[PDB]
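Residue numbering for the sequence shown follows the deposited numbering, starting at 1 and increasing by one per position. Each residue gets a CB set at the ideal place from its N, CA and C atoms; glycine is no exception.
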Amino acid sequence: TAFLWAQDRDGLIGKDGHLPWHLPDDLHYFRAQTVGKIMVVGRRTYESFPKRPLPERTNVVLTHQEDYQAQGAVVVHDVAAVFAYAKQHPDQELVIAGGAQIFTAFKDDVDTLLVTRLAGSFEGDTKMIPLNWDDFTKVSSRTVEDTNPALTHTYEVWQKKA
Ligand SMILES: COc1cc(Cc2c[nH+]c(N)nc2N)cc(OCCC[C@@H](CCC(=O)[O-])C(=O)[O-])c1Br
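Take a look at the structure:
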């Protein structure tokens, strides 16, 4: 299982139910880090995607609303239904794309961290969840410089130690 996210310097992830920034290079990497996989999102992060569902992946939407309708997405109500879906498909990797209430609900079962780190600081209201960064190694780090310098970003792959 991987966590897919992008933060600012301080660990901010969201503002007012949307992204605090617009970064196109990172949302092209959101597409193709999840083209083909089982993508898990909380119900609020699903509703804030422009296309609903976004294509070519399984979108799994976690919601406590028994009646919630998302045509073409896998609508489930608890974590044990996400893993009971992921057990049915042994060839598709599980990717937890957020927000903060879903990254709490799979905190214990993550093995990889796919972080984008923005060099700047943005205003918002949601942070990334606290994680034991000492339990993971940074394997791979690739920087991309943007002509807005707050938007210069590093893509970092972390993998959990034995
Ligand atoms: C709510 O706002 C968003 C937040 C994210 C969240 C997010 C972004 N980036 C990263 N790396 N981690 C995240 N958790 C993704 C997203 O759409 C991904 C869009 C993929 C599009 C192509 C987008 C593009 O043209 O760049 C597609 O059609 O597959 C949107 Br819109």
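Inspect the beta-carbon positions of residue i and residue j and report whether they are closer than 9 Å.
{"i": "residue 9", "j": "residue 119", "result": "yes"}
{"i": "residue 5", "j": "residue 139", "result": "no"}
{"i": "residue 153", "j": "residue 67", "result": "no"}
{"i": "residue 161", "j": "residue 126", "result": "no"}
{"i": "residue 92", "j": "residue 36", "result": "yes"}
{"i": "residue 81", "j": "residue 45", "result": "no"}
{"i": "residue 113", "j": "residue 2", "result": "yes"}
{"i": "residue 85", "j": "residue 95", "result": "no"}
{"i": "residue 83", "j": "residue 12", "result": "no"}
{"i": "residue 14", "j": "residue 47", "result": "no"}
{"i": "residue 38", "j": "residue 60", "result": "yes"}
{"i": "residue 34", "j": "residue 52", "result": "no"}
Between the options, which lies nearest to residue i when the distance is taken from Cα to Cα?
{"i": "residue 40", "options": "102, 161, 23 and 24", "result": "102"}
{"i": "residue 145", "options": "16, 24 and 3", "result": "24"}
{"i": "residue 76", "options": "98, 42, 87 and 20", "result": "42"}
{"i": "residue 104", "options": "90, 124 and 78", "result": "78"}
{"i": "residue 130", "options": "55, 106 and 155", "result": "106"}
{"i": "residue 132", "options": "55, 34, 30 and 110", "result": "110"}
{"i": "residue 158", "options": "147, 143, 149 and 135", "result": "135"}
Just how far apart, CA to CA, sit residue i and residue j?
{"i": "residue 151", "j": "residue 50", "result": "21 Å"}
{"i": "residue 22", "j": "residue 28", "result": "12 Å"}
{"i": "residue 7", "j": "residue 155", "result": "11 Å"}
{"i": "residue 124", "j": "residue 20", "result": "6 Å"}
Considering only residues of the segment 108-144, which uninterrupted beta strand (DSSP E) runs meet the minimum length of 3 residues and lie entirely inside it, listed in chain order? 112-118 and 136-144
Output the residue ranges of the beta strand (DSSP E) runs that lie fully inside the segment 63-101 and measure 3 residues or longer, sorted by chain position. 74-76 and 94-96
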